[PDB]
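Structure first, then comments.
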Amino acid sequence: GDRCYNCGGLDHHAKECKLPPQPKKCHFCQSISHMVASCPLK
Amino acid sequence: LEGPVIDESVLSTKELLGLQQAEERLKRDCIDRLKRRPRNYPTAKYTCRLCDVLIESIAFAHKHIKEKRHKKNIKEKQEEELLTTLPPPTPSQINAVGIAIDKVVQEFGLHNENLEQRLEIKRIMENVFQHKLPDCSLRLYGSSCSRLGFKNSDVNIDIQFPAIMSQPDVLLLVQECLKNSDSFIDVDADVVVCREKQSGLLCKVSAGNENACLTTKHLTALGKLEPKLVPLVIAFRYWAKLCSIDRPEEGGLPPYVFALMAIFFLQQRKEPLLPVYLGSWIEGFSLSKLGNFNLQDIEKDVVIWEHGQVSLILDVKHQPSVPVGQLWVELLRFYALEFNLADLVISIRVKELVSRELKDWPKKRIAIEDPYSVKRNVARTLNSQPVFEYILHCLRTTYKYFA
RNA sequence: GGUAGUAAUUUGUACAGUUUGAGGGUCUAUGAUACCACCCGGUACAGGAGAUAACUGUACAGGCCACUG
Ligand SMILES: [Zn+2]
């Protein structure tokens, strides 16, 4: 239901995730450059 | 094996930035990536400073963070940082600390009259022993001669006997004399421990133990030349008594170990108030030959060493004098935070902090070096790590209360 | 006297793992019902990794006519 803390997997929980590490990306715009605070619309 | 633990080239720039963010998170948790692959355990990619624990992966770092030990260590580090920023005490605070130290000295401290009463006790001992052992004699040692122990501290007497006599036989016939004599009662074989019938103070008799008398005289001199030392040592001893660290049977440190630590602090201040028996001034002195050095005898405002003499008290141009309370707070800072008791020896003889590897010492808990017994660990009574942590917590709490 | 080893037993610390417990959720307006067909979002944050006791094994400090001369 909610995006996981690491690797951004909804169904996968953070503890359950066994995938290789992935960059943390802003969910609002899926942008690596812009975080939640720096969203272009904000 | 010479390659990096994590290769930036293999990872993309986006991946590299993500890994850098992950490592920043790990840094906030005190987890630091290994600069190079360890030869013994190259698998580990990170290390935890709090526990000094190798971590294979970032997820393992989070798992370690979940562990209670990491939380306890981070709490300890937070307490240390909080203590670090405490301001030095104001002049009123220093005066109050000095007044408290003086009050503690008056309440529980050995004075001249107590020494005269103890000399009277030794005189009674000499009177009763004279009939049977005219050759043998008695002297004060330990807390008695030092004047740095409490007034309630048990009498300590040492026997001088001829070379032909042997320490076990001498102690045995001394025990017999204590048996028959009416003056001494509740006598036990145990040193010989008894309860004085008239004075009412616990009494202990010893034979040989020349090193104890030497250290006691050295500390007596250090107290005499240094006036601030005695109040500081008495206050520190009172703190140990309150915390129960003074009691040996419970795993606490011996009493005079606290005085040794106090003199070590005074010697290691930024402006040294007391000198070191061994220093760079001595010709041929070295840490490798430190064991060869030894202390021979105590002179008035002078010391004797063999492999030459050193002054008991430093003689410097306009030597600084500061209040006793200021020295006490400085000692609290020196031992609670400034001094790592784990792996640094409290070596009075040498200015340099003797490493444990030099003496092949445990490196586990509080460690103190005897002035005359280089090979003896006077803190061996403290053999439990929980008790060691208890002493550190008590010292830090005392610093916080007084700062 | 020093070094280490040491069955049967005695303390202390955790818990890699098992399992029992209350709690935790918050977030409803966004319906799709009935045993006619059961599941989408707007109220609702941040860059934040989620237990304490009973239980199993494993190294580590002390105790033990343990243990040694
Ligand atoms: Zn995930």
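As shown in the structure tokens, the chain order sets the letters A, B, ...; within each chain, residues go from 1, and ligands are also counted from 1 in the order they appear.
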
Check which residues of chain A sit at most 6 Å from ligand 1 using only C-alpha atoms and all ligand atoms, and return one row each with the closest pair of atoms and their distance in Å to one decimal, ordered by chain and rising number, as a tab-separated table.
```
residue	atom	partner	partner_atom_place_in_ligand_line	distance
A:4	CA	ligand 1	1 (Zn)	4.5
A:5	CA	ligand 1	1 (Zn)	5.7
A:6	CA	ligand 1	1 (Zn)	4.2
A:7	CA	ligand 1	1 (Zn)	4.2
A:8	CA	ligand 1	1 (Zn)	5.1
A:9	CA	ligand 1	1 (Zn)	4.6
A:12	CA	ligand 1	1 (Zn)	5.5
A:13	CA	ligand 1	1 (Zn)	5.3
A:14	CA	ligand 1	1 (Zn)	4.2
A:17	CA	ligand 1	1 (Zn)	5.0
```

Can I get the selection written as a short mmCIF file (atom, residue, chain, number, x, y, z; two decimals), in the first residue's frame, with C-alpha atoms?
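Listed below is the output, selection_12.cif:
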```
data_model
loop_
_atom_site.label_atom_id
_atom_site.label_comp_id
_atom_site.auth_asym_id
_atom_site.auth_seq_id
_atom_site.Cartn_x
_atom_site.Cartn_y
_atom_site.Cartn_z
CA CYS A 4 8.91 0.92 1.05
CA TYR A 5 11.62 2.84 2.88
CA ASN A 6 14.41 1.33 0.75
CA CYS A 7 14.36 0.26 -2.94
CA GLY A 8 10.88 1.83 -3.32
CA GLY A 9 8.85 -1.37 -3.42
CA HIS A 12 7.94 -5.54 -0.48
CA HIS A 13 8.67 -4.45 3.07
CA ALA A 14 12.04 -2.93 3.90
CA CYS A 17 13.58 -6.66 0.42
#
```

Find the residues in chain C near chain A: any atom within 12 Å counts, using only C-alpha atoms (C1' of nucleotides). Write them as a PDB file with N, CA, C and O atoms (P, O5', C5', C4', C3', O3' and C1' of nucleotides), in the first residue's frame.
```pdb
ATOM      1  P     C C  40      -7.933  -3.134  -4.547  1.00  0.00           P
ATOM      2  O5'   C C  40      -7.752  -1.597  -4.928  1.00  0.00           O
ATOM      3  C5'   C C  40      -8.464  -1.030  -6.025  1.00  0.00           C
ATOM      4  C4'   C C  40      -7.881   0.295  -6.456  1.00  0.00           C
ATOM      5  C3'   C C  40      -7.946   1.406  -5.412  1.00  0.00           C
ATOM      6  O3'   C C  40      -6.808   2.261  -5.538  1.00  0.00           O
ATOM      7  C1'   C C  40      -9.170   2.055  -7.325  1.00  0.00           C
ATOM      8  P     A C  44      -5.983  15.461   6.522  1.00  0.00           P
ATOM      9  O5'   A C  44      -5.599  13.923   6.702  1.00  0.00           O
ATOM     10  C5'   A C  44      -4.674  13.512   7.700  1.00  0.00           C
ATOM     11  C4'   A C  44      -3.551  12.681   7.124  1.00  0.00           C
ATOM     12  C3'   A C  44      -2.922  13.231   5.843  1.00  0.00           C
ATOM     13  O3'   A C  44      -1.513  13.017   5.862  1.00  0.00           O
ATOM     14  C1'   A C  44      -3.719  11.037   5.458  1.00  0.00           C
ATOM     15  P     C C  45      -0.516  14.167   5.349  1.00  0.00           P
ATOM     16  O5'   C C  45       0.309  14.561   6.652  1.00  0.00           O
ATOM     17  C5'   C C  45       1.577  15.186   6.547  1.00  0.00           C
ATOM     18  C4'   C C  45       2.630  14.422   7.307  1.00  0.00           C
ATOM     19  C3'   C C  45       4.064  14.653   6.856  1.00  0.00           C
ATOM     20  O3'   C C  45       4.634  15.824   7.414  1.00  0.00           O
ATOM     21  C1'   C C  45       3.664  12.331   7.036  1.00  0.00           C
ATOM     22  P     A C  46       6.045  16.372   6.874  1.00  0.00           P
ATOM     23  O5'   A C  46       7.118  15.599   7.762  1.00  0.00           O
ATOM     24  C5'   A C  46       8.455  15.441   7.314  1.00  0.00           C
ATOM     25  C4'   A C  46       8.929  14.022   7.496  1.00  0.00           C
ATOM     26  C3'   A C  46      10.111  13.603   6.633  1.00  0.00           C
ATOM     27  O3'   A C  46      11.356  13.993   7.190  1.00  0.00           O
ATOM     28  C1'   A C  46       8.411  11.972   6.478  1.00  0.00           C
ATOM     29  P     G C  47      12.447  14.771   6.301  1.00  0.00           P
ATOM     30  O5'   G C  47      13.444  13.622   5.831  1.00  0.00           O
ATOM     31  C5'   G C  47      13.988  12.704   6.774  1.00  0.00           C
ATOM     32  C4'   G C  47      13.998  11.293   6.240  1.00  0.00           C
ATOM     33  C3'   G C  47      15.178  10.947   5.334  1.00  0.00           C
ATOM     34  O3'   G C  47      15.559   9.587   5.535  1.00  0.00           O
ATOM     35  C1'   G C  47      13.160  10.652   4.143  1.00  0.00           C
ATOM     36  P     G C  48      16.595   9.198   6.699  1.00  0.00           P
ATOM     37  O5'   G C  48      15.704   8.402   7.754  1.00  0.00           O
ATOM     38  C5'   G C  48      15.287   9.015   8.964  1.00  0.00           C
ATOM     39  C4'   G C  48      13.994   8.427   9.475  1.00  0.00           C
ATOM     40  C3'   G C  48      13.817   6.927   9.302  1.00  0.00           C
ATOM     41  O3'   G C  48      14.513   6.169  10.277  1.00  0.00           O
ATOM     42  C1'   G C  48      11.817   8.053   8.699  1.00  0.00           C
ATOM     43  P     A C  49      15.404   4.907   9.831  1.00  0.00           P
ATOM     44  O5'   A C  49      14.342   3.850   9.293  1.00  0.00           O
ATOM     45  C5'   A C  49      13.110   3.640   9.974  1.00  0.00           C
ATOM     46  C4'   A C  49      12.912   2.191  10.348  1.00  0.00           C
ATOM     47  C3'   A C  49      13.957   1.616  11.302  1.00  0.00           C
ATOM     48  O3'   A C  49      13.341   0.707  12.217  1.00  0.00           O
ATOM     49  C1'   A C  49      13.957   0.379   9.278  1.00  0.00           C
ATOM     50  P     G C  50      13.654   0.812  13.792  1.00  0.00           P
ATOM     51  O5'   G C  50      12.263   0.468  14.494  1.00  0.00           O
ATOM     52  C5'   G C  50      12.112  -0.699  15.290  1.00  0.00           C
ATOM     53  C4'   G C  50      10.711  -1.252  15.191  1.00  0.00           C
ATOM     54  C3'   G C  50      10.613  -2.740  14.869  1.00  0.00           C
ATOM     55  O3'   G C  50      10.649  -3.553  16.031  1.00  0.00           O
ATOM     56  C1'   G C  50       9.254  -1.511  13.368  1.00  0.00           C
TER      57        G C  50
END
```

(message) Residues of chain C within 10 Å of chain B, counting only C-alpha atoms (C1' of nucleotides) - could you list those as a PyMOL selection string?
(response) chain C and resi 12-15+49-50+61-62

Within 9 Å of chain A, which residues of chain B show up? Give each one with its shortest atom-to-atom distance in Å (one decimal) and the two atoms involved, counting only C-alpha atoms, rows by chain then rising residue number, as JSON lines.
```
{"residue": "B:14", "atom": "CA", "partner": "A:23", "partner_atom": "CA", "distance": 7.1}
{"residue": "B:15", "atom": "CA", "partner": "A:23", "partner_atom": "CA", "distance": 6.0}
{"residue": "B:16", "atom": "CA", "partner": "A:23", "partner_atom": "CA", "distance": 8.5}
{"residue": "B:17", "atom": "CA", "partner": "A:23", "partner_atom": "CA", "distance": 7.4}
{"residue": "B:18", "atom": "CA", "partner": "A:23", "partner_atom": "CA", "distance": 4.2}
{"residue": "B:19", "atom": "CA", "partner": "A:23", "partner_atom": "CA", "distance": 7.1}
{"residue": "B:21", "atom": "CA", "partner": "A:23", "partner_atom": "CA", "distance": 8.3}
{"residue": "B:22", "atom": "CA", "partner": "A:23", "partner_atom": "CA", "distance": 8.5}
{"residue": "B:58", "atom": "CA", "partner": "A:21", "partner_atom": "CA", "distance": 8.9}
{"residue": "B:59", "atom": "CA", "partner": "A:15", "partner_atom": "CA", "distance": 8.2}
```

(request) From a DSSP calculation on the backbone, collect every residue of stretch 178-381 of chain B in helix (DSSP H, G or I) and output the set as an MDAnalysis selection string. (result) chainID B and resid 178:180 210:225 229:243 255:268 324:338 356:359

(message) If we count only C-alpha atoms (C1' of nucleotides) and set the cut-off at 8 Å, which residues sit around residue B:311, ignoring sequence neighbours fewer than 6 positions away in its own chain? Please answer as an NGL selection string.
(response) :B and (275 or 301-303)

Write out as a CSV table (one decimal) with N, CA, C and O atoms, in the first residue's frame which residues come within 10 Å of residue B:394 when counting only C-alpha atoms (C1' of nucleotides), dropping same-chain ones fewer than 2 positions away.
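Output (part_31.csv):
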```csv
chain,number,residue,atom,x,y,z
B,239,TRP,N,34.4,10.1,48.0
B,239,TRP,CA,33.6,9.7,46.8
B,239,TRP,C,33.6,8.2,46.6
B,239,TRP,O,32.5,7.6,46.5
B,240,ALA,N,34.8,7.6,46.7
B,240,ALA,CA,34.9,6.1,46.5
B,240,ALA,C,34.1,5.4,47.6
B,240,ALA,O,33.4,4.4,47.4
B,243,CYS,N,30.4,5.6,46.9
B,243,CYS,CA,30.1,4.8,45.8
B,243,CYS,C,30.4,3.3,46.1
B,243,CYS,O,30.0,2.4,45.3
B,245,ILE,N,33.2,1.9,45.9
B,245,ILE,CA,34.4,1.5,45.1
B,245,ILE,C,35.6,1.2,46.0
B,245,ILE,O,36.5,0.5,45.6
B,336,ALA,N,37.0,11.2,33.8
B,336,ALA,CA,35.7,10.8,33.2
B,336,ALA,C,35.8,10.8,31.7
B,336,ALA,O,35.3,9.9,31.1
B,388,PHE,N,33.5,-2.2,36.2
B,388,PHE,CA,34.3,-1.2,35.5
B,388,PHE,C,33.3,-0.1,34.9
B,388,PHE,O,33.5,1.1,35.1
B,389,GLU,N,32.3,-0.6,34.2
B,389,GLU,CA,31.3,0.3,33.7
B,389,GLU,C,30.6,1.1,34.8
B,389,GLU,O,30.3,2.3,34.6
B,390,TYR,N,30.4,0.5,35.9
B,390,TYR,CA,29.8,1.2,37.1
B,390,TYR,C,30.7,2.3,37.5
B,390,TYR,O,30.3,3.4,37.8
B,391,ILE,N,32.1,2.1,37.6
B,391,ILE,CA,33.0,3.2,37.9
B,391,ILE,C,32.9,4.3,36.9
B,391,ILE,O,32.9,5.5,37.3
B,392,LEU,N,32.9,4.0,35.6
B,392,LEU,CA,32.9,5.0,34.6
B,392,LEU,C,31.6,5.8,34.7
B,392,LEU,O,31.6,7.1,34.7
B,396,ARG,N,31.3,9.9,35.5
B,396,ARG,CA,30.6,10.8,34.6
B,396,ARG,C,29.4,11.5,35.4
B,396,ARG,O,29.2,12.7,35.2
B,397,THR,N,28.7,10.8,36.2
B,397,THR,CA,27.6,11.4,36.9
B,397,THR,C,28.1,12.4,37.9
B,397,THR,O,27.5,13.5,38.1
B,398,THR,N,29.3,12.1,38.6
B,398,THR,CA,29.9,13.1,39.5
B,398,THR,C,30.3,14.3,38.7
B,398,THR,O,30.1,15.5,39.2
B,399,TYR,N,30.9,14.2,37.5
B,399,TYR,CA,31.2,15.3,36.7
B,399,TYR,C,30.0,16.1,36.4
B,399,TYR,O,30.0,17.4,36.6
B,400,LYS,N,28.9,15.5,35.9
B,400,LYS,CA,27.7,16.2,35.6
B,400,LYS,C,27.1,16.9,36.8
B,400,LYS,O,26.7,18.1,36.6
```

(message) Report as a PyMOL selection string all protein, DNA and RNA residues lying within 9 Å of residue B:342, evaluated on only C-alpha atoms (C1' of nucleotides), omitting residues in the same chain fewer than 4 positions from it.
(response) chain B and resi 362-367

Only N, CA and C atoms, please: the residues just picked out, written as a PDB file, in the first residue's frame.
```
ATOM      1  N   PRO B 362      46.073  -6.225  30.962  1.00  0.00           N
ATOM      2  CA  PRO B 362      44.810  -6.739  30.391  1.00  0.00           C
ATOM      3  C   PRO B 362      44.167  -5.841  29.346  1.00  0.00           C
ATOM      4  N   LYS B 363      44.254  -4.518  29.495  1.00  0.00           N
ATOM      5  CA  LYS B 363      43.580  -3.561  28.620  1.00  0.00           C
ATOM      6  C   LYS B 363      42.066  -3.574  28.793  1.00  0.00           C
ATOM      7  N   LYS B 364      41.564  -4.058  29.929  1.00  0.00           N
ATOM      8  CA  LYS B 364      40.135  -4.292  30.103  1.00  0.00           C
ATOM      9  C   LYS B 364      39.451  -3.235  30.964  1.00  0.00           C
ATOM     10  N   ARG B 365      39.999  -2.932  32.138  1.00  0.00           N
ATOM     11  CA  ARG B 365      39.310  -2.099  33.116  1.00  0.00           C
ATOM     12  C   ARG B 365      40.301  -1.083  33.677  1.00  0.00           C
ATOM     13  N   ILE B 366      39.891  -0.403  34.752  1.00  0.00           N
ATOM     14  CA  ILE B 366      40.724   0.632  35.352  1.00  0.00           C
ATOM     15  C   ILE B 366      42.084   0.046  35.695  1.00  0.00           C
ATOM     16  N   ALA B 367      43.140   0.789  35.371  1.00  0.00           N
ATOM     17  CA  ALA B 367      44.511   0.317  35.504  1.00  0.00           C
ATOM     18  C   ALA B 367      45.352   1.390  36.179  1.00  0.00           C
TER      19      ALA B 367
END
```

(message) Give me the residues near residue C:20 as a PyMOL selection string, where near means some atom within 12 Å (using only C-alpha atoms (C1' of nucleotides)) and where sequence neighbours in that chain fewer than 6 positions away do not count.
(response) chain C and resi 52-55
